[PDB]
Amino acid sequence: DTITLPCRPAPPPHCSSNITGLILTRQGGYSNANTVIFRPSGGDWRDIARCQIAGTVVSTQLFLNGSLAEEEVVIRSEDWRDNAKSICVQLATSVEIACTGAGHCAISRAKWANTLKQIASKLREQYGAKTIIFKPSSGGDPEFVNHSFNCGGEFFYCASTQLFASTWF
């Protein structure tokens, strides 16, 4: 029971990683819905660096092969009320992403579901007892609108739409 992501070019199996964190943007403007919406960051490398949880691998939207938090999910932002500040999310338990060589990298649906649920709970501590929705990247250059990463000198691009499209109540 997997989330199987389409990636271009095909990442070989030894470019499989552990997802150890990710970076969000909270969607702005008024909602009379009691929802808070998050998308993969609309920032850039500077926001990724500021999280200080990357390892050696350079990647967008997801931190791959980075540091893990000690007990539970950790979220941090320079200013929670400012939708132009990215939100850093550090996992306590990593989620393996296994690439086949044949053009996809897959993750366990149940593990990603439980990850999003934990993240959503920490976000609820920060913005209130609200419904939490993850929605796809709002857009950007190819390396940032995709989950993209450098493996061994080659750049890979995984559509992350499946990872960020769900409601958490």
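Think of the rigid core as the biggest set of C-alphas that the two forms share within 1.5 Å after superposition. Residue indices: 1-based, along the sequence shown.
For 109-117 versus 126-134, the mean Cα distance to the shown form in 4 other deposited structures of this protein after rigid core alignment is larger for 126-134. Relative to the displayed structure, the C-alphas of 41-49 lie farther away on average in 4 other deposited structures of this protein than those of the other candidate, with 66-74 and 41-49 compared after rigid core superposition. Among other compared entries that model residues flanking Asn34, every one gives it coordinates, keeping it clear of the one-third cutoff. For the pair 87-95 and 70-78, the record assigns the higher mean C-alpha temperature factor to 70-78. Just going by the entry, 140-148 versus 25-33 on mean CA temperature factor gives the higher value to 25-33. Of the candidates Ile107, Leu62, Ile48, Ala129, it is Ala129 whose Cα B-factor is highest according to the PDB record. Among the modelled residues of the chain, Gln162 sits in the lowest third by CA temperature factor in this PDB entry. Annotation for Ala102: C-alpha temperature factor in the highest third relative to the rest of the modelled chain, per the entry. In the deposited entry, the Cα temperature factor of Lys135 sits in the middle third of values across the chain's modelled residues.
Among all modelled residues in this chain, the alpha-carbon of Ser41 has a temperature factor (C-alpha) in the lowest third. The PDB entry assigns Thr56 a C-alpha temperature factor belonging to the lowest third of its chain's modelled residues.
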